[PDB]
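Next comes just one chain, in structure tokens: the form deposited in one PDB entry.
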């Protein structure tokens, strides 16, 4: 195999992030064997030095001379830091000149929690490390590639980031899933701009042989958290005691005592009985309700949900003795995970890191593929109906009738026409009691109050100025106006109006900057994430995530950025649509797309634009009309969550 690689990439320069181990180290190894000069970037110096020494030794074995000139390293490189990415490019260009191949391989697992347990800064950090870093390196290296007349950008995505026309849920990993979907969406939308000189593609393996036990423990700890939280929420619906008083029932941390307490609500007694029946008697989770870590996550969910509880409520919690989960429990769960994964591999074999790197070095030699995602995955398939669609009608008159007297929250600022039309449809057609218009600025509040002057005067339209504090604004709306039914989350900001590539012989100074790409993610992805994270614990809410608007006259740049957002947000919507099922609130969350892939499909005249606006109202109604608990079966429930419809 080493002989057959000779000369394949001779004369090429490759930059590989996360190049000290895994797929990254193997790509670096095989590209060096194929003749390329490689720069391997990573955090840990020692692991990076070992990888460089191993590759250099192998090059010398197969006949290469001056092996030190062929494999360089960039240690202490944290791809989540913009300054460190600029230093990495400086070092790489100083060593080898123009980079031919940018291998965006570095990646972190992320927060590994459900959205409702995910710190906002943790989500942002995953986007910086896994996604924004890819645009940042492309922005720095593409001008030089264009100048020389050739280049290749390869983003190492994941099958769990989804596929071109089918999003995939990845519960407890939404930050990771979104970053992976974005790496693929970058290849899908930038190909038109990077061509003809530069190819851009992604690879999307799933499991790669180089884990199930670590995953198993997280699953068991998460299950305990979810079960406890859902039981407290369900008990609170029909019990007059405060959440503080209900949480007091947990303070002895005694499963049998809670089960046997006739004053405990039915939901909590049944939960304790389930812990005893399902539990391994040797596990302390069979006899203790929770530990310090789970108690902290539970308290955070309750505080986020608006419950009043002292910060030290679990300070005296008895600490359960190890093991909280036995080896038998962890092993049983690890086997379930393993079997679930193996069952998705139609070649019945997980590809190795070497297999993925080998497939990639041959992808890098092709010159006719661009804007695609390759799947060197072992025939990995997760069967699922695609989450998208454009032919829909309205929900039934009986579901629409349930909107009479409802409290609607609309979030937005730049889409004034959509916000005005939607507030009016809810108040004038569907008899909603009130609409709370949560804007970003006082200028936004003035604009919306002017548009909805009649409803403001009648006390039917109220405004809230969120600024950069959307969660606190939602809490103010809850205090002032009551909990919402429909929640329609539109972006506060429009998309930027800037070029996405520069002219061949230009400095690219006006091209979308690395900081502007981070801002695009903040306003168009993080905005929705924060709202969904908060609204997920608001009992009775039905949330619609709305993407930016494309029109028949949008620029090609506008279409590219809007479709990048649309695809990337689908991963978030699909993931949180599944996570919703693990909560007692089990809210509806779906996406309504004001972005189309094709300019030709857009309305072209006043009549067609009117039809589009009516479809927007209908799409929002379809995902915001309530779904009766009786109709909310496992079958129907999944159809009404995590979907995306195109207006």
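Superpose the two forms; the largest set of C-alphas matching within 1.5 Å is the rigid core. Residue numbers count along the first chain shown, from 1.
Omitted from view is the form deposited in another entry, to which the following refers.
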- Can you tell which of 539, 428, 519, 322 moves its Cα by 2 Å or more between the shown form and the other one, with the two forms laid on the rigid core? 322
- Honestly, after the rigid core fit, is residue 186 moving at least 2 Å at Cα between the shown form and the other one? no
- Item | residue 482: Cα shift of 2 Å or greater between the shown form and the other one (core-aligned) | no
- Query: Is there a C-alpha shift of 2 Å or more at residue 380 between the shown form and the other one once the rigid core is superposed?
  - Reply: yes
- Item | in the other form, whether the C-alpha atoms of residue 569 and residue 378 sit closer or farther than here (change of 3 Å or more) | closer
- Message: Assuming the CA distance changes by 3 angstroms or more, are residue 385 and residue 590 closer together or farther apart in the other form compared with the shown structure?
- Response: closer
